[PDB]
Every structure is written in C-alpha cells, then in structure tokens.
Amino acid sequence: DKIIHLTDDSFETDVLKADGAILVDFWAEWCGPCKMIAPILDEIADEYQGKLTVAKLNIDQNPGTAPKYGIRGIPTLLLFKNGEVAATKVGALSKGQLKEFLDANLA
C-alpha cells in the first residue's frame, strides 16, 4: 500500500533519483527472518509517513541490484538518502530496534 515493490529496472527512479530517504529491504521468500520483519516494515511504512518510503527488493526475482551494494546475508536494510547509502542493518531486528536504527540515522 505505502511500500514500493521495486524491480531491477525501476531501482534508479524509485531509489536513486528519489528526493528523500528510502529504507530498502533486500529479501527472499525462503528467508525466515525476512518474513519475520515484513509485518514490521508495514508498520514502519505507516508510522514514518512523510519522513521516508519503504521499498522492497526480492533478490531472486530481481537478481541484478544486490551485488551492486555488496549484499550477502539477508535481510539487509539499507537506508538511502537522496540516492546515497547512509546506514546499513543486516539480519532480523524488532520493531523497537528498527525505530532506533531509523531515528538515529534519519538526522
């Protein structure tokens, strides 16, 4: 609803040429902790309305993008600000932990 479902070809417009912050989630369907954080990202998309957009890139359906950011372990959350990565988070985390990651790095 508020989340951008990204693709390899839409990555530049959606993330790189966006005028503000984008929390990108690199994930896969077989990844248990990815699925664990997905309902949390829904909550974040809603709560951070006007501060950032949440965007998801499935690394199997869109295989091209993740090598460009050195992604290995998933889920990987990259906070982009105006096309540049500001903050990196690897592995699963709680809602309360994500908030702290966001609040600290959004300043």
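So that there is no doubt, residue numbering starts at 1 and follows the sequence shown.
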Discussion item. Looking at the temperature factor on the CA atom of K35, which third of the chain's modelled residues does it land in?
Written reply: highest
Worksheet, complete the sentence: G50: CA B-factor among chain residues, third -> highest
Response to the item:
Split the chain's modelled residues into thirds by Cα B-factor; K56 lands in the lowest
Worksheet item: By the record's CA B-factor, is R72 among the lowest, middle or highest third of residues in the chain?
Response: highest
Response to the item:
Of the three thirds of the chain ranked by Cα temperature factor, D25 occupies the lowest
